[PDB]
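Just one chain is shown here, as structure tokens, and it is the form deposited in one PDB entry.
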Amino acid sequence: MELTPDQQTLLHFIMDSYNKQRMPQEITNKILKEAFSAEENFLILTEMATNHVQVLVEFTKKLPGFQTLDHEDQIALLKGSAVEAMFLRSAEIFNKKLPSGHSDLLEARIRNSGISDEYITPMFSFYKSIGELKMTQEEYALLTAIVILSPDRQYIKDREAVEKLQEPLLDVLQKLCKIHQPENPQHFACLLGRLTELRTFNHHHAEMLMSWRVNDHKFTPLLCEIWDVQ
């Protein structure tokens, strides 16, 4: 039932790496402060997403055993998970509790950010399904690690090596779900089910960016490697 001492340490190490990310309030502060034009919002997105990828690579390199994977398979895991990790982190930020009325304004700012109408409704559906799960910061960090270490990405040559890195994290996440929510014995499965919804965003992410309601879609060199754009 309990976490073993090694699992506590593992969880204990992953949270520290996860918290190197930009603080949620830094992000929601900028958005809530002024309304921006769709062009300024696009720039804010590419700047945010470039910083996010940089930190995600440092987080990924600290995952136990990742650095002993074949070098081509390491690239394939990062490329295959970067967009999913960005939306999971966006959902975490969106669901942070804020002073009265702030989340409504944040939703309106995002609705009016320049993103295409086609995409606003699924995005909020996913954010809202993520908020219903009442995840802790440890659960977000673990889920991000599990997303990154997915053996079923393309071009993974040695899935079996990746599986043995993913499984200890799945075991810890399952123990937390039983501890943190013993009345809901479907909670672990529901977290894992949300991952399949994340994968759909990865598959539409290019069109989501190019349909942004701006005249030019300029991406940074790092984002062009990670995203299927330009």
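In case it trips you up, residue 1 is the first one in the sequence shown, and so on. Take the two forms, superpose them, and find the largest set of C-alpha atoms that agree within 1.5 Å; that set is the rigid core.
- Stretches compared: 42 to 50, 198 to 206. Higher mean C-alpha B-factor in the entry: 198 to 206.
- Annotation for 177 to 185 versus 159 to 167: the higher mean temperature factor (C-alpha) is found in 177 to 185.
- Reading the B-factor column for the CA atoms of 89, 102, 79, 111 in the entry, the top value corresponds to 102.
- Taking the deposited Cα B-factors for 73, 139, 84, 152, the highest one is held by 152.
- Annotation for residue 126: C-alpha temperature factor in the middle third relative to the rest of the modelled chain, per the entry.
- Looking at the C-alpha B-factors along this chain, the one for residue 20 belongs to the middle third.
- Among the modelled residues of its chain, residue 27 has a C-alpha B-factor that falls in the lowest third according to the deposited record.
- Per-chain ranking of the deposited C-alpha B factor places residue 63 in the middle third.
- In this PDB entry, residue 226 carries a Cα temperature factor that places it within the middle third of its chain's modelled residues.
If you look for the form deposited in another entry, you will not find it shown, but the lines that follow are about it.
- For the residue set 27, 191, 165, 172, core-aligned C-alpha shifts between this form and the one not shown reach 2 angstroms or more at a single site, 27.
- Relative to the superposed rigid core, the position of the CA of residue 98 differs between this form and the one not shown by 2 Å or more.
- Annotation for residue 115: C-alpha shift of 2 angstroms or more between this form and the one not shown, rigid core superposed.
- Compared with the form shown here, the C-alpha atoms of residue 88 and residue 98 sit at least 3 Å closer together in the other entry.
- Contraction of the residue 100-residue 130 CA spacing by 3 Å or more is recorded in the other entry, set against this form.
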